[PDB]
$ cat work_9.tsv   # TSV, C-alpha atoms and all ligand atoms
chain	number	residue	atom	x	y	z
F	1	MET	CA	31.96	57.63	-74.21
F	2	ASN	CA	34.33	55.47	-72.22
F	3	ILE	CA	34.56	53.67	-68.85
F	4	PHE	CA	35.71	56.85	-67.05
F	5	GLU	CA	32.74	58.82	-68.26
F	6	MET	CA	30.37	55.91	-67.62
F	7	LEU	CA	31.47	55.51	-64.01
F	8	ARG	CA	31.51	59.27	-63.38
F	9	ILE	CA	27.82	59.30	-64.41
F	10	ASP	CA	26.85	56.28	-62.30
F	11	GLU	CA	28.87	57.22	-59.25
F	12	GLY	CA	28.98	61.03	-59.14
F	13	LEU	CA	31.69	63.16	-57.48
F	14	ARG	CA	31.68	64.16	-53.79
F	15	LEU	CA	34.65	65.93	-52.21
F	16	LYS	CA	33.56	65.19	-48.62
F	17	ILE	CA	33.14	61.76	-46.90
F	18	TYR	CA	29.58	60.43	-47.52
F	19	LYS	CA	27.68	57.26	-47.05
F	20	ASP	CA	27.06	55.22	-50.14
F	21	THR	CA	23.67	53.63	-51.09
F	22	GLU	CA	24.55	50.79	-48.58
F	23	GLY	CA	25.52	53.19	-45.79
F	24	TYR	CA	29.33	52.79	-46.19
F	25	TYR	CA	31.74	55.65	-45.94
F	26	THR	CA	32.82	56.62	-49.42
F	27	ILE	CA	34.55	59.65	-51.02
F	28	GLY	CA	35.32	60.98	-54.54
F	29	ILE	CA	34.08	58.93	-57.47
F	30	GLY	CA	32.66	55.89	-55.68
F	31	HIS	CA	35.89	55.17	-53.71
F	32	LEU	CA	34.76	52.96	-50.79
F	33	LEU	CA	36.78	53.87	-47.69
F	34	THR	CA	35.49	51.43	-45.08
F	35	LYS	CA	32.57	49.22	-44.08
F	36	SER	CA	33.07	50.13	-40.42
F	37	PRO	CA	30.39	52.37	-38.78
F	38	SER	CA	33.16	54.66	-37.56
F	39	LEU	CA	33.70	58.01	-39.18
F	40	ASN	CA	37.03	58.05	-37.46
F	41	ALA	CA	38.02	54.79	-39.06
F	42	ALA	CA	36.97	56.36	-42.45
F	43	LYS	CA	38.99	59.56	-42.05
F	44	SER	CA	41.99	57.46	-41.15
F	45	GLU	CA	41.59	55.30	-44.27
F	46	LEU	CA	41.19	58.53	-46.20
F	47	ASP	CA	44.47	60.04	-44.89
F	48	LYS	CA	46.25	56.80	-45.65
F	49	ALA	CA	44.76	56.62	-49.25
F	50	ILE	CA	45.84	60.23	-49.98
F	51	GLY	CA	49.08	60.63	-47.96
F	52	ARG	CA	48.14	63.60	-45.88
F	53	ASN	CA	45.81	64.98	-43.26
F	54	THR	CA	42.60	65.40	-45.09
F	55	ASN	CA	40.15	66.13	-42.37
F	56	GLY	CA	37.54	64.33	-44.51
F	57	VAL	CA	37.81	66.66	-47.48
F	58	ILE	CA	39.84	66.22	-50.70
F	59	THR	CA	40.35	68.21	-53.84
F	60	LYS	CA	39.14	67.36	-57.36
F	61	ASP	CA	42.66	66.23	-58.41
F	62	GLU	CA	42.90	63.80	-55.51
F	63	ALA	CA	39.40	62.42	-56.23
F	64	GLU	CA	40.53	61.85	-59.79
F	65	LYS	CA	43.72	60.23	-58.78
F	66	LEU	CA	41.78	57.69	-56.64
F	67	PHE	CA	39.44	57.15	-59.55
F	68	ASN	CA	42.23	56.32	-61.98
F	69	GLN	CA	43.70	53.86	-59.45
F	70	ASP	CA	40.39	52.13	-58.88
F	71	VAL	CA	39.62	51.76	-62.60
F	72	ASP	CA	43.09	50.32	-63.12
F	73	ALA	CA	42.58	47.96	-60.16
F	74	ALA	CA	39.13	46.84	-61.41
F	75	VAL	CA	40.67	45.96	-64.84
F	76	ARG	CA	43.67	44.08	-63.37
F	77	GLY	CA	41.28	42.24	-61.00
F	78	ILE	CA	39.27	41.09	-64.05
F	79	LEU	CA	42.41	39.90	-65.84
F	80	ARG	CA	43.75	37.89	-62.87
F	81	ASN	CA	40.44	36.22	-62.21
F	82	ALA	CA	39.91	32.78	-63.71
F	83	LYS	CA	36.12	33.16	-63.98
F	84	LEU	CA	36.18	36.72	-65.20
F	85	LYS	CA	39.01	36.81	-67.71
F	86	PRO	CA	37.50	34.36	-70.31
F	87	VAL	CA	34.23	36.29	-70.34
F	88	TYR	CA	35.97	39.60	-70.66
F	89	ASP	CA	38.28	38.49	-73.48
F	90	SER	CA	35.19	37.34	-75.33
F	91	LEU	CA	33.34	40.68	-75.23
F	92	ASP	CA	33.57	43.69	-77.58
F	93	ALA	CA	34.82	47.00	-76.28
F	94	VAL	CA	31.50	48.55	-75.13
F	95	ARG	CA	30.41	45.49	-73.24
F	96	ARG	CA	33.86	45.23	-71.57
F	97	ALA	CA	33.06	48.64	-70.15
F	98	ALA	CA	29.90	47.22	-68.58
F	99	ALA	CA	31.86	44.38	-66.96
F	100	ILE	CA	34.36	46.90	-65.47
F	101	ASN	CA	31.39	48.99	-64.14
F	102	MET	CA	29.98	45.98	-62.29
F	103	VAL	CA	33.40	44.97	-60.83
F	104	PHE	CA	34.09	48.54	-59.77
F	105	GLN	CA	30.70	48.52	-58.01
F	106	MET	CA	30.61	45.17	-56.36
F	107	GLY	CA	34.12	43.70	-56.40
F	108	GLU	CA	35.44	40.78	-58.42
F	109	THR	CA	34.11	38.31	-55.88
F	110	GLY	CA	30.62	39.73	-56.36
F	111	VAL	CA	30.67	39.58	-60.14
F	112	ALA	CA	32.32	36.11	-60.22
F	113	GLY	CA	29.11	35.02	-58.30
F	114	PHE	CA	26.93	35.89	-61.34
F	115	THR	CA	27.81	32.43	-62.86
F	116	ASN	CA	24.77	31.89	-65.08
F	117	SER	CA	24.86	35.45	-66.45
F	118	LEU	CA	28.60	35.07	-67.15
F	119	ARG	CA	27.97	31.92	-69.14
F	120	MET	CA	25.25	33.60	-71.19
F	121	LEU	CA	27.39	36.68	-71.81
F	122	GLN	CA	30.11	34.38	-72.98
F	123	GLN	CA	27.71	32.62	-75.41
F	124	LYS	CA	26.53	36.07	-76.58
F	125	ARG	CA	22.91	35.45	-75.55
F	126	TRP	CA	22.30	39.12	-74.84
F	127	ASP	CA	18.55	39.18	-74.06
F	128	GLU	CA	18.73	36.14	-71.81
F	129	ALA	CA	21.71	37.59	-69.94
F	130	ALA	CA	19.76	40.81	-69.36
F	131	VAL	CA	16.82	38.88	-67.88
F	132	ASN	CA	19.12	36.82	-65.62
F	133	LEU	CA	21.22	39.84	-64.49
F	134	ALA	CA	17.96	41.52	-63.47
F	135	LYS	CA	17.16	38.76	-60.96
F	136	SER	CA	19.60	39.96	-58.35
F	137	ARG	CA	19.84	41.96	-55.20
F	138	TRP	CA	22.03	44.40	-57.20
F	139	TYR	CA	19.21	45.18	-59.60
F	140	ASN	CA	16.63	45.47	-56.76
F	141	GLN	CA	18.87	47.79	-54.67
F	142	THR	CA	20.05	50.11	-57.46
F	143	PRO	CA	17.64	49.58	-60.39
F	144	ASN	CA	18.39	52.81	-62.33
F	145	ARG	CA	22.09	52.11	-62.44
F	146	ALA	CA	21.62	48.36	-62.99
F	147	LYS	CA	19.28	48.99	-66.00
F	148	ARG	CA	21.89	51.26	-67.59
F	149	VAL	CA	24.57	48.56	-67.25
F	150	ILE	CA	22.19	45.78	-68.33
F	151	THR	CA	21.21	47.78	-71.47
F	152	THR	CA	24.82	48.22	-72.35
F	153	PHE	CA	25.34	44.42	-72.13
F	154	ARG	CA	22.16	43.83	-74.17
F	155	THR	CA	22.76	46.29	-76.99
F	156	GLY	CA	26.51	46.81	-77.10
F	157	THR	CA	25.90	50.57	-77.42
F	158	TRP	CA	26.25	53.62	-75.11
F	159	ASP	CA	22.59	54.50	-75.54
F	160	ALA	CA	21.59	54.22	-71.87
F	161	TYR	CA	24.19	56.83	-71.10
F	162	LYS	CA	23.26	59.29	-73.92
P	201	CL	CL	43.80	53.45	-51.80
P	202	CL	CL	20.27	53.41	-59.18

$ encode --input "work_9.tsv" --output "structure tokens"
Amino acid sequence: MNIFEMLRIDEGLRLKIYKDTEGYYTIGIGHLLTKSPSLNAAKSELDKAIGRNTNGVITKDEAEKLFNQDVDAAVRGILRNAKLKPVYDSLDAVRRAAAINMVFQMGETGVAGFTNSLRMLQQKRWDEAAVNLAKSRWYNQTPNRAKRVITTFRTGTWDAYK
């Protein structure tokens, strides 16, 4: 298992503009297009992201090209961030995947706000991190997905995804 398979499970694949769990226009593998209520603003972000006239639909290849870019951007965002990088460098490879999942989902600003959890992850207090991560809007809005990510941080295995 790897970050690409993890995120494909958590996010799904849709070839047509759709609204995410928050009501935002989204396409592909969790690629957020816009927070604006306008479907026209979303289509126009879509054409710009892809470099053609999509008319709100994209192929599998294009969805996967966006996906690759977003994973890459999530990683590079972790490495440039002063709060995130020390935590990340300290984790093993499975639990790095879980940090990328969270950043992909909620942006580096979001994750960097999980201060107490970050500190516990850094000290390798797995069970206490899991409890603290659970006390969050993120866990209450998307519990199934949040449990899978939390379990990964707690156990350092891919079990929740198998
Ligand atoms: Cl883009
Ligand atoms: Cl969920």

$ residues_near_ligand --input "work_9.tsv" --ligand "ligand CL 201 (chain P)" --cutoff "9 Å" --atoms "only C-alpha atoms and all ligand atoms" --output "PDB file with C-alpha atoms, in the frame of the given file"
ATOM      1  CA  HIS F  31      35.890  55.170 -53.710  1.00  0.00           C
ATOM      2  CA  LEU F  33      36.780  53.870 -47.690  1.00  0.00           C
ATOM      3  CA  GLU F  45      41.590  55.300 -44.270  1.00  0.00           C
ATOM      4  CA  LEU F  46      41.190  58.530 -46.200  1.00  0.00           C
ATOM      5  CA  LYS F  48      46.250  56.800 -45.650  1.00  0.00           C
ATOM      6  CA  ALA F  49      44.760  56.620 -49.250  1.00  0.00           C
ATOM      7  CA  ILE F  50      45.840  60.230 -49.980  1.00  0.00           C
ATOM      8  CA  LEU F  66      41.780  57.690 -56.640  1.00  0.00           C
ATOM      9  CA  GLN F  69      43.700  53.860 -59.450  1.00  0.00           C
ATOM     10  CA  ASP F  70      40.390  52.130 -58.880  1.00  0.00           C
TER      11      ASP F  70
END

$ closest_atom_pairs --input "work_9.tsv" --of "chain F" --to "ligand CL 202 (chain P)" --cutoff "6 Å" --atoms "only C-alpha atoms and all ligand atoms" --output "JSON lines"
{"residue": "F:142", "atom": "CA", "partner": "P:CL202", "partner_atom": "CL", "distance": 3.7}
{"residue": "F:143", "atom": "CA", "partner": "P:CL202", "partner_atom": "CL", "distance": 4.8}
{"residue": "F:144", "atom": "CA", "partner": "P:CL202", "partner_atom": "CL", "distance": 3.7}
{"residue": "F:145", "atom": "CA", "partner": "P:CL202", "partner_atom": "CL", "distance": 4.0}

$ atom_distance --input "work_9.tsv" --atom1 "CA of residue 8 in chain F" --atom2 "CA of residue 21 in chain F"
15.6 Å

$ atom_distance --input "work_9.tsv" --atom1 "CA of residue 63 in chain F" --atom2 "CA of residue 38 in chain F"
21.2 Å

$ residues_around --input "work_9.tsv" --residues "residue 25 in chain F" --least-positions-apart "2" --cutoff "12 Å" --atoms "only C-alpha atoms" --output "PyMOL selection string"
chain F and resi 14+16-23+27-28+30-46+56

$ atom_distance --input "work_9.tsv" --atom1 "CA of residue 160 in chain F" --atom2 "CA of residue 115 in chain F"
24.4 Å

$ closest_residue --input "work_9.tsv" --among "F:129, F:58, F:112, F:15" --to "residue 85 in chain F" --atoms "only C-alpha atoms"
F:112

$ residues_around --input "work_9.tsv" --residues "residue 93 in chain F" --least-positions-apart "3" --cutoff "12 Å" --atoms "only C-alpha atoms" --output "list in words"
residues 1, 2, 3, 88, 89, 90, 96, 97, 98, 99, 100, 152, 153, 156, 157 and 158 of chain F

$ write_last_selection --input "work_9.tsv" --atoms "C-alpha atoms" --output "JSON list (two decimals), in the frame of the given file"
[["chain", "number", "residue", "atom", "x", "y", "z"],
["F", 1, "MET", "CA", 31.96, 57.63, -74.21],
["F", 2, "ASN", "CA", 34.33, 55.47, -72.22],
["F", 3, "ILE", "CA", 34.56, 53.67, -68.85],
["F", 88, "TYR", "CA", 35.97, 39.60, -70.66],
["F", 89, "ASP", "CA", 38.28, 38.49, -73.48],
["F", 90, "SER", "CA", 35.19, 37.34, -75.33],
["F", 96, "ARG", "CA", 33.86, 45.23, -71.57],
["F", 97, "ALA", "CA", 33.06, 48.64, -70.15],
["F", 98, "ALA", "CA", 29.90, 47.22, -68.58],
["F", 99, "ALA", "CA", 31.86, 44.38, -66.96],
["F", 100, "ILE", "CA", 34.36, 46.90, -65.47],
["F", 152, "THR", "CA", 24.82, 48.22, -72.35],
["F", 153, "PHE", "CA", 25.34, 44.42, -72.13],
["F", 156, "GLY", "CA", 26.51, 46.81, -77.10],
["F", 157, "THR", "CA", 25.90, 50.57, -77.42],
["F", 158, "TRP", "CA", 26.25, 53.62, -75.11]]

$ residues_near_point --input "work_9.tsv" --point "(24.2, 40.9, -57.9)" --cutoff "7 Å" --atoms "all atoms listed in the file" --output "list in words"
residues 110, 111, 114, 136, 137, 138 and 139 of chain F

$ build_atoms --input "work_9.tsv" --residues "range 131-157 of chain F" --atoms "N, CA, C and O atoms" --output "PDB file, in the coordinates of the input"
ATOM      1  N   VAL F 131      17.871  39.387 -68.753  1.00  0.00           N
ATOM      2  CA  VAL F 131      16.820  38.880 -67.880  1.00  0.00           C
ATOM      3  C   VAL F 131      17.447  38.303 -66.607  1.00  0.00           C
ATOM      4  O   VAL F 131      17.020  38.649 -65.507  1.00  0.00           O
ATOM      5  N   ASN F 132      18.451  37.447 -66.758  1.00  0.00           N
ATOM      6  CA  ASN F 132      19.120  36.820 -65.620  1.00  0.00           C
ATOM      7  C   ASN F 132      19.862  37.852 -64.700  1.00  0.00           C
ATOM      8  O   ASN F 132      19.864  37.738 -63.477  1.00  0.00           O
ATOM      9  N   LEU F 133      20.484  38.855 -65.296  1.00  0.00           N
ATOM     10  CA  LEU F 133      21.220  39.840 -64.490  1.00  0.00           C
ATOM     11  C   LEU F 133      20.246  40.581 -63.613  1.00  0.00           C
ATOM     12  O   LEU F 133      20.587  40.956 -62.499  1.00  0.00           O
ATOM     13  N   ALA F 134      19.031  40.801 -64.150  1.00  0.00           N
ATOM     14  CA  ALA F 134      17.960  41.520 -63.470  1.00  0.00           C
ATOM     15  C   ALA F 134      17.448  40.794 -62.205  1.00  0.00           C
ATOM     16  O   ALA F 134      16.917  41.425 -61.289  1.00  0.00           O
ATOM     17  N   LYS F 135      17.634  39.489 -62.128  1.00  0.00           N
ATOM     18  CA  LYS F 135      17.160  38.760 -60.960  1.00  0.00           C
ATOM     19  C   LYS F 135      18.226  38.716 -59.905  1.00  0.00           C
ATOM     20  O   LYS F 135      18.890  37.667 -59.714  1.00  0.00           O
ATOM     21  N   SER F 136      18.429  39.834 -59.223  1.00  0.00           N
ATOM     22  CA  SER F 136      19.600  39.960 -58.350  1.00  0.00           C
ATOM     23  C   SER F 136      19.312  41.027 -57.338  1.00  0.00           C
ATOM     24  O   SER F 136      18.492  41.938 -57.591  1.00  0.00           O
ATOM     25  N   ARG F 137      19.972  40.932 -56.193  1.00  0.00           N
ATOM     26  CA  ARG F 137      19.840  41.960 -55.200  1.00  0.00           C
ATOM     27  C   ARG F 137      20.332  43.286 -55.807  1.00  0.00           C
ATOM     28  O   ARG F 137      19.704  44.322 -55.630  1.00  0.00           O
ATOM     29  N   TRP F 138      21.449  43.240 -56.528  1.00  0.00           N
ATOM     30  CA  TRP F 138      22.030  44.400 -57.200  1.00  0.00           C
ATOM     31  C   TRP F 138      21.021  45.183 -58.001  1.00  0.00           C
ATOM     32  O   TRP F 138      20.937  46.361 -57.856  1.00  0.00           O
ATOM     33  N   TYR F 139      20.227  44.524 -58.829  1.00  0.00           N
ATOM     34  CA  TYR F 139      19.210  45.180 -59.600  1.00  0.00           C
ATOM     35  C   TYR F 139      18.092  45.768 -58.700  1.00  0.00           C
ATOM     36  O   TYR F 139      17.616  46.905 -58.923  1.00  0.00           O
ATOM     37  N   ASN F 140      17.666  45.004 -57.697  1.00  0.00           N
ATOM     38  CA  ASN F 140      16.630  45.470 -56.760  1.00  0.00           C
ATOM     39  C   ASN F 140      17.110  46.634 -55.855  1.00  0.00           C
ATOM     40  O   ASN F 140      16.338  47.509 -55.569  1.00  0.00           O
ATOM     41  N   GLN F 141      18.390  46.673 -55.456  1.00  0.00           N
ATOM     42  CA  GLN F 141      18.870  47.790 -54.670  1.00  0.00           C
ATOM     43  C   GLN F 141      19.104  49.039 -55.481  1.00  0.00           C
ATOM     44  O   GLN F 141      18.788  50.127 -55.015  1.00  0.00           O
ATOM     45  N   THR F 142      19.695  48.912 -56.673  1.00  0.00           N
ATOM     46  CA  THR F 142      20.050  50.110 -57.460  1.00  0.00           C
ATOM     47  C   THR F 142      19.567  49.890 -58.863  1.00  0.00           C
ATOM     48  O   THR F 142      20.373  49.693 -59.771  1.00  0.00           O
ATOM     49  N   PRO F 143      18.234  49.874 -59.044  1.00  0.00           N
ATOM     50  CA  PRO F 143      17.640  49.580 -60.390  1.00  0.00           C
ATOM     51  C   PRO F 143      18.037  50.541 -61.515  1.00  0.00           C
ATOM     52  O   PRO F 143      18.290  50.073 -62.626  1.00  0.00           O
ATOM     53  N   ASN F 144      18.078  51.849 -61.266  1.00  0.00           N
ATOM     54  CA  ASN F 144      18.390  52.810 -62.330  1.00  0.00           C
ATOM     55  C   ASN F 144      19.777  52.528 -62.930  1.00  0.00           C
ATOM     56  O   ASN F 144      19.946  52.455 -64.182  1.00  0.00           O
ATOM     57  N   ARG F 145      20.749  52.344 -62.032  1.00  0.00           N
ATOM     58  CA  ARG F 145      22.090  52.110 -62.440  1.00  0.00           C
ATOM     59  C   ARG F 145      22.214  50.740 -63.110  1.00  0.00           C
ATOM     60  O   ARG F 145      22.844  50.640 -64.168  1.00  0.00           O
ATOM     61  N   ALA F 146      21.666  49.714 -62.456  1.00  0.00           N
ATOM     62  CA  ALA F 146      21.620  48.360 -62.990  1.00  0.00           C
ATOM     63  C   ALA F 146      20.961  48.282 -64.413  1.00  0.00           C
ATOM     64  O   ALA F 146      21.536  47.662 -65.311  1.00  0.00           O
ATOM     65  N   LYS F 147      19.803  48.897 -64.630  1.00  0.00           N
ATOM     66  CA  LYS F 147      19.280  48.990 -66.000  1.00  0.00           C
ATOM     67  C   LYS F 147      20.245  49.591 -67.038  1.00  0.00           C
ATOM     68  O   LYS F 147      20.212  49.191 -68.211  1.00  0.00           O
ATOM     69  N   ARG F 148      21.001  50.620 -66.643  1.00  0.00           N
ATOM     70  CA  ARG F 148      21.890  51.260 -67.590  1.00  0.00           C
ATOM     71  C   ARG F 148      22.987  50.269 -68.010  1.00  0.00           C
ATOM     72  O   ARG F 148      23.343  50.203 -69.207  1.00  0.00           O
ATOM     73  N   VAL F 149      23.488  49.508 -67.022  1.00  0.00           N
ATOM     74  CA  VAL F 149      24.570  48.560 -67.250  1.00  0.00           C
ATOM     75  C   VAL F 149      24.052  47.379 -68.029  1.00  0.00           C
ATOM     76  O   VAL F 149      24.688  46.966 -68.999  1.00  0.00           O
ATOM     77  N   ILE F 150      22.885  46.865 -67.618  1.00  0.00           N
ATOM     78  CA  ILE F 150      22.190  45.780 -68.330  1.00  0.00           C
ATOM     79  C   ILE F 150      21.886  46.088 -69.827  1.00  0.00           C
ATOM     80  O   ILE F 150      22.073  45.241 -70.677  1.00  0.00           O
ATOM     81  N   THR F 151      21.480  47.316 -70.115  1.00  0.00           N
ATOM     82  CA  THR F 151      21.210  47.780 -71.470  1.00  0.00           C
ATOM     83  C   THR F 151      22.451  47.806 -72.303  1.00  0.00           C
ATOM     84  O   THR F 151      22.412  47.538 -73.471  1.00  0.00           O
ATOM     85  N   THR F 152      23.542  48.193 -71.692  1.00  0.00           N
ATOM     86  CA  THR F 152      24.820  48.220 -72.350  1.00  0.00           C
ATOM     87  C   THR F 152      25.245  46.761 -72.746  1.00  0.00           C
ATOM     88  O   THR F 152      25.770  46.534 -73.807  1.00  0.00           O
ATOM     89  N   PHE F 153      24.991  45.800 -71.866  1.00  0.00           N
ATOM     90  CA  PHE F 153      25.340  44.420 -72.130  1.00  0.00           C
ATOM     91  C   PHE F 153      24.422  43.898 -73.220  1.00  0.00           C
ATOM     92  O   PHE F 153      24.859  43.129 -74.065  1.00  0.00           O
ATOM     93  N   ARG F 154      23.157  44.319 -73.206  1.00  0.00           N
ATOM     94  CA  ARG F 154      22.160  43.830 -74.170  1.00  0.00           C
ATOM     95  C   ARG F 154      22.367  44.376 -75.589  1.00  0.00           C
ATOM     96  O   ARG F 154      22.200  43.646 -76.573  1.00  0.00           O
ATOM     97  N   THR F 155      22.724  45.653 -75.703  1.00  0.00           N
ATOM     98  CA  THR F 155      22.760  46.290 -76.990  1.00  0.00           C
ATOM     99  C   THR F 155      24.163  46.480 -77.545  1.00  0.00           C
ATOM    100  O   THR F 155      24.311  46.734 -78.729  1.00  0.00           O
ATOM    101  N   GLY F 156      25.180  46.451 -76.684  1.00  0.00           N
ATOM    102  CA  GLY F 156      26.510  46.810 -77.100  1.00  0.00           C
ATOM    103  C   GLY F 156      26.649  48.251 -77.539  1.00  0.00           C
ATOM    104  O   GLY F 156      27.587  48.588 -78.231  1.00  0.00           O
ATOM    105  N   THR F 157      25.752  49.128 -77.120  1.00  0.00           N
ATOM    106  CA  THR F 157      25.900  50.570 -77.420  1.00  0.00           C
ATOM    107  C   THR F 157      25.948  51.387 -76.116  1.00  0.00           C
ATOM    108  O   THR F 157      25.697  50.844 -75.032  1.00  0.00           O
TER     109      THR F 157
END
